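Report on the following structure.
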Amino acid sequence: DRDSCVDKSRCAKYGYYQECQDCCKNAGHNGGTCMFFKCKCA
């Protein structure tokens, strides 16, 4: 119970990264955003 895509799935400089939004959505949400190589949810 400690997945956290933020510290698992990489990302680009910033914006929309299909990789990030995919992770979150797969976790049990809708998606997320990209923040300085960081993967956050929405």
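Every chain in the structure tokens has a letter given in the order shown (A, B, ...), and although residue numbers restart at 1 in each chain, ligands are simply numbered from 1 in the order shown.
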Check your understanding: Neighbours of residue 41 in chain A within 9 Å (only C-alpha atoms; same-chain residues fewer than 2 positions away dropped), as a list in words?
Key ->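 Within the cut-off, the hits are residues 5, 6, 20, 21, 23, 24, 25, 29, 30, 31, 32, 33, 34 and 39 of chain A.
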Practice item. Return as a PyMOL selection string the full set of residues in chain A whose backbone-based DSSP assignment is helix (DSSP H, G or I). Key: chain A and resi 5-7+18-27
Practice item. From a DSSP pass on the backbone, collect the residues of chain A flagged as strand (DSSP E or B) and hand them back as number ranges by chain. Key: A: 14-15, 32-35, 39-41
How would the residues just chosen look if you wrote them out with C-alpha atoms as a compact mmCIF listing (two decimals), in the first residue's frame?
```
# COMPACT_ATOMS: atom_id res chain seq x y z
CA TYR A 14 5.86 19.91 -17.26
CA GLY A 15 2.43 19.81 -18.85
CA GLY A 32 -2.93 13.78 -13.30
CA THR A 33 -0.45 16.43 -14.41
CA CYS A 34 3.28 16.84 -14.99
CA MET A 35 5.36 19.07 -12.71
CA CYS A 39 4.01 12.75 -11.65
CA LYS A 40 1.04 14.13 -9.73
CA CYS A 41 -2.65 13.26 -9.85
```
Check your understanding: In Å, how far is it from CA of residue 22 in chain A to CA of residue 7 in chain A?
Key ->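 Separating CA of residue 22 in chain A from CA of residue 7 in chain A is a distance of 14.6 Å.
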